[PDB]
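Visitor: Have a look at this one before I ask anything.
Cβ atoms come from the backbone with ideal geometry, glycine included; neighbour counts cover every protein chain shown. Rule-based calculations on the coordinates, nothing more; no lab input.
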Amino acid sequence: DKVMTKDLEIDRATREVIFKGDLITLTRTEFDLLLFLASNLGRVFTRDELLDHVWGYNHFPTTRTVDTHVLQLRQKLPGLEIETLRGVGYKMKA
Amino acid sequence: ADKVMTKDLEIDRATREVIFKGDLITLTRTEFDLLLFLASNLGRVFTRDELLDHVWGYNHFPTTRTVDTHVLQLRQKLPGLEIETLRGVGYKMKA
C-alpha cells in the first residue's frame, strides 16, 4: 500500500518515494523517518520518540537507559542522594 | 587516589569496587560508570543527554542529534518538504 501526502507518494513495500513528481533516492534510515512522519500527519513527535520509532528500541543506549540506570542505582544503594530535576535530569548532592 | 569517597560511599576506580554503608555492592559496568561519574561531580546537574555522552560515550551510537541531521537531509533531498521544527521538542509533518 501507498501512503499519499500533499507532496509525497510512498510505497511501503518497495521503499520507493515520489516527491512532487520526482523519484527520490533515500537511505534506509531517511526512508523510515520520512515514512513515519508521513503516516502521522499533524502530530508532533519528540526527538526521543522519533529515535525510538525510526531507529528502533533497545539497539543502543537512549535517554531512557539513563533513567533506568538511575533507578537501578537507587535500589542497590538505598537512600543514595540523587536528586531528580523533573524534566531536565539528575544531580548527586553529597 | 584510586578512590572516590562521599557520604556512605567508597568507590575504587582501579579495582572497580563499591562499598556503600559497609556493604560491597555488585554493579554492572555501566551502573558503575554512572555512579562514579555522579560521585565525582557532586552538586552538579546533568541532563540525560549529557549523562549519555559522559558515561556511555560521546558519538558512539545514534542520538537525538542524529534525528536532527536526518531531518536536514530529508529537507535537502526533498526541496520544500513541509517538516515543521518545534524547537526544543521535535518535529511535525503538516500535510
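Visitor: Got a sec to turn the phi values of segment B:48-54 into Karplus ³J(HN,Hα) couplings, 6.51 cos²θ - 1.76 cosθ + 1.60 with θ = phi - 60°, whole Hz, x for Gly and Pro?
Guide: Karplus values, whole Hz, x for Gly and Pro: 4, 4, 5, 4, 3, 5, 5.
Visitor: What are the ³J(HN,Hα) values, in whole Hz, obtained from phi via the Karplus relation 6.51 cos²θ - 1.76 cosθ + 1.60 with θ = phi - 60°, for each residue of segment A:10-24 in sequence order, with x given for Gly and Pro?
Guide: 10, 9, 5, 7, 9, 6, 8, 10, 10, 10, 6, x, 9, 6, 10
Visitor: Per-residue Cβ counts within 10 Å, from other chains only, averaged over A:8-14: what number is that?
Guide: On the way: counts 5, 0, 0, 0, 0, 0, 0.
Mean shielding by partner chains, rounded to a whole number: 1.
Visitor: Okay, moving on. Mind listing the long-range amide H neighbours of B:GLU84? Cut-off is under 5 Å, sequence gap 5 or more, other chains count too, H placed in the peptide plane at 1.01 Å from N.
Guide: B:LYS92, B:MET93, B:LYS94
Visitor: Give, rounded to the nearest 20 debye, the magnitude of the charge dipole that the protein assembly as shown has about its Cα centre when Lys and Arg contribute +1 at Cβ and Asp and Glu contribute -1 at Cβ.
Guide: 320 debye
Visitor: Can you list residues from other chains, or at least 5 along the same chain, whose modelled amide H is less than 5 Å from the amide H of A:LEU41?
Guide: Amide H neighbours of A:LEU41: none.
Visitor: In what order do A:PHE36, A:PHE19 fall by count of nearby beta-carbon atoms within 10 Å, going from fewest to most?
Guide: Values: A:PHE36 16, A:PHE19 20.
Ascending Cβ contact count within 10 Å gives the list A:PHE36, A:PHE19.
Visitor: From the backbone phi of segment A:81-93, what are the Karplus-calculated ³J(HN,Hα) couplings (6.51 cos²θ - 1.76 cosθ + 1.60, θ = phi - 60°) in whole Hz, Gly and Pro given as x?
Guide: In residue order, the calculated couplings are 8, 8, 8, 8, 9, 3, x, 9, x, 9, 8, 8, 6 Hz.
Visitor: Please determine, in degrees from 0 to 90 and to the nearest 10, the orientation of helix B:64-77 with respect to the longest principal axis defined by the Cα atoms of chain B, where the helix direction is its Cα long axis.
Guide: 20 degrees
Visitor: Let me check I've understood the local charge: for A:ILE10, count other residues with C-beta under 15 angstrom from its C-beta, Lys and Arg +1, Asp and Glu -1. What total comes out?
Guide: Numbers: positive: A:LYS2, A:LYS6, A:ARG12, A:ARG15, A:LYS20, A:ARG28, B:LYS77; negative: A:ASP1, A:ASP7, A:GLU9, A:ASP11, A:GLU16, A:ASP22, A:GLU30, A:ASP32, B:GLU82.
Computed value for this residue: -2.
Visitor: Remind me, relative contact order of chain B in percent, using alpha carbon pairs under 8 angstrom and six or more residues apart?
Guide: 13 percent
Visitor: What does the charge add up to near B:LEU78, with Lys and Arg as +1, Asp and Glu as -1, over the other residues with Cβ less than 11 Å from its Cβ? Before the final figure, lay out each step's value.
Guide: Details: positive: A:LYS20, B:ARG75, B:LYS77; negative: A:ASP7, A:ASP22, A:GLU30, B:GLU82.
Once all neighbours under 11 Å are counted, the net charge is -1.
Visitor: Using the crude model of +1 on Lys and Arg Cβ and -1 on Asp and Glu Cβ, and no other charge, please compute the dipole size for segment A:27-94 relative to its Cα centre, in debye to 20.
Guide: 260 debye
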